[PDB]
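Note that the entry's author numbering gives residue 102 to position 86 of the sequence shown, counting from 1, and the numbers run on in steps of one.
Worksheet: one structure, shown below.
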Amino acid sequence: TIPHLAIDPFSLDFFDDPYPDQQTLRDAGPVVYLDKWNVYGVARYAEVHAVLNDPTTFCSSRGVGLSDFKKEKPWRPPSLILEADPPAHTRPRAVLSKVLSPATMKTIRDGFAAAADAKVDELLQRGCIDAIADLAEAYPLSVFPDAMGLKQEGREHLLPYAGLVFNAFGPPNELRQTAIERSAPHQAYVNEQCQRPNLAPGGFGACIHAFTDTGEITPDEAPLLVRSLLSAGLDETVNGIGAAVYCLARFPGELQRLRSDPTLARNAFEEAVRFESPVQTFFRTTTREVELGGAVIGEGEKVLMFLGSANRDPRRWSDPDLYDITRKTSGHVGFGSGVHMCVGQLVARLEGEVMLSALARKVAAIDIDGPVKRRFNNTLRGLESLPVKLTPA
Ligand code: HEM
Ligand SMILES: COc1ccc(C(=O)O)cc1
Ligand SMILES: [Cl-]
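The structure is reproduced here in structure tokens:
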């Protein structure tokens, strides 16, 4: 009934080029069994969307990594939002939704845009740069920690902690065990910055603590909710921006369209999120026997959702492996879908938009002029190094 596959979606071979294996997973059936890790897999858009939008049947409180929290201890205390189900999910989600709200974006937009324009100006003085370290990493690090309200000391822990979080969703392979092996100093820094005295006035962290007044969260809930914004956000946005630059370098016709109409910057970034899907996968756990695409899955089974694959499913997308900055991207699952859909998506889109805006207005050409190196992570897809020459407009 259900095809059994030996593909390891967390292998370095898979990470290096996942797209042929993703078609194999899609075309084998709507539901596959992955013998390597004893989980079910869904790689077509339809089933990924269906799983995401039934949180009662496909829960997150038993972990959204391979590990089942009913069988193993979580490597860190569970997230109050990502690793919770309704109704426990609802009030922390509402707090983060207000902290990162449409109205909040107005207070940070001008500074985020200024930093993006300034970074592109700086990179044009150098000409030949690494669009990962010097741009995709450098830009978010120049705006988001300040917007959190973090002190300057210790910020070198932020990228290692994010990489650890996303490796820890994976199976117990060497990527995950090595990350946890090295985790203690990053864990200690992050947990300490979550305390109210260490979050500067007016930033995201202080705003979370300010909500402990309303009855939506208690003061003892606020540190772990701050932890959510020190786990999420950085690595995905870095990878998304790097993907966008990569695409503009590989598809010069799309850079030319973007230069011709810089108001396409926001959709250019959204299309990069669909095309690269920085978050490749998330798990759910069944809370009952369930019929999914003609297959019967038992209770307490892990279901692996291939978000990147769903975003390139030709059953849903015209020319899915073309980067098209005018594509109607509404419906892509790069930010998830449903009750858990990325609560920080307005922050991610703002960073991506103002960076692609600066490039659209200031750069004439982006040419790869060095070896492209991939970055390997159990959950994230992104580049390690992207040597480009930037030609000023
Ligand atoms: C391009 C950038 C980003 C991508 C691709 C991305 C991806 C995702 C995805 C796929 C989910 C769904 C998780 C699930 O369904 O289990 C999610 C949720 C979440 N994201 Fe993002 N994200 C991005 C940026 C951000 C930013 C900038 C922040 C914070 C400022 C953030 C914070 C969160 C949080 C806290 C959740 C949990 C929401 C919930 O469970 O209700 N993310 N993200
Ligand atoms: C989608 O990526 C993440 C990672 C961590 C968290 C969290 O720590 O709550 C949320 C989303
Ligand atoms: Cl931690």
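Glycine included, C-beta positions come from ideal geometry on N, C-alpha and C.
Quick test of your reading: residue i and residue j, contact by CB under 8 Å. State the CB separation rounded to the nearest angstrom.
| i | j | result |
| --- | --- | --- |
| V64 | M357 | Their Cβ separation, rounded to whole angstroms, is 13 Å, which puts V64 and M357 out of contact at 8 Å. |
| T407 | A364 | Their Cβ separation, rounded to whole angstroms, is 28 Å, which puts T407 and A364 out of contact at 8 Å. |
| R275 | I341 | Between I341 and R275 the Cβ distance is about 11 Å, and since that is not below 8 Å, they are no contact. |
| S117 | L98 | So it is not a contact: roughly 19 Å between Cβ atoms. |
For residue i, list the residues DSSP reports as bridge partners.
| i | result |
| --- | --- |
| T407 | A381 |
| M164 | According to DSSP, which records beta bridges pairwise, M164 is partnered with nothing at all. |
| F298 | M321 |
| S401 | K389 |
| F74 | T302 |
| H20 | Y49 |
| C358 | In the DSSP output, where bridge partners are listed per residue, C358 has none listed. |
| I145 | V404 |
Relative to ligand 4, is the shortest distance from any of its heavy atoms to the C-beta of residue i smaller than 7 Å?
| i | result |
| --- | --- |
| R92 | With respect to small molecules bound, the structure shown includes ligand 1, ligand 2 and ligand 3 and not ligand 4. |
Is any heavy atom of ligand 1 found at a distance shorter than 7 Å from the C-beta of residue i?
| i | result |
| --- | --- |
| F128 | no |
| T303 | no |
| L240 | no |
| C358 | yes |
| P294 | yes |
| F298 | yes |
| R107 | no |
| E252 | yes |
CA-CA distance, residue i and residue j?
| i | j | result |
| --- | --- | --- |
| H20 | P34 | 18 Å |
| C263 | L402 | 11 Å |
| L28 | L166 | 34 Å |
| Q211 | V359 | 21 Å |
| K389 | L399 | 6 Å |
| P156 | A131 | 9 Å |
| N189 | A195 | 10 Å |
| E367 | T17 | 45 Å |
| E208 | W333 | 44 Å |
| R343 | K87 | 43 Å |
Could you name the residues of the same chain whose beta carbon sits closer than 6 Å to that of residue i, not counting the 5 residues immediately before and after it, in chain order?
| i | result |
| --- | --- |
| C144 | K405 |
| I313 | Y56, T302, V306 |
| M164 | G219, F220, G221 |
| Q168 | none |
Return yes when at least one heavy atom of ligand 3 lies under 7 Å from the C-beta of residue i, else no.
| i | result |
| --- | --- |
| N183 | no |
| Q203 | yes |
| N207 | yes |
Given residue i, which residues of its chain have a CB within under 7 Å of its CB, disregarding the five upstream and five downstream residues?
| i | result |
| --- | --- |
| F267 | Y339 |
| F392 | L28, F31, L191 |
| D329 | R42, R60, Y61, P336 |
| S199 | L180 |
| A184 | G81, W91, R192, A195, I196 |
| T73 | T302, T303, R304, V306 |
| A376 | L274, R275, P278, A281 |
I want to check one thing, is the minimum distance from the CB of residue i to the heavy atoms of ligand 2 below 7 Å?
| i | result |
| --- | --- |
| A248 | yes |
| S244 | yes |
| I233 | no |
Going by beta carbon distance, what residues of the same chain come within less than 8 Å of residue i, once the five residues before and after it are set aside?
| i | result |
| --- | --- |
| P176 | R198, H202 |
| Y205 | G170, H173, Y177 |
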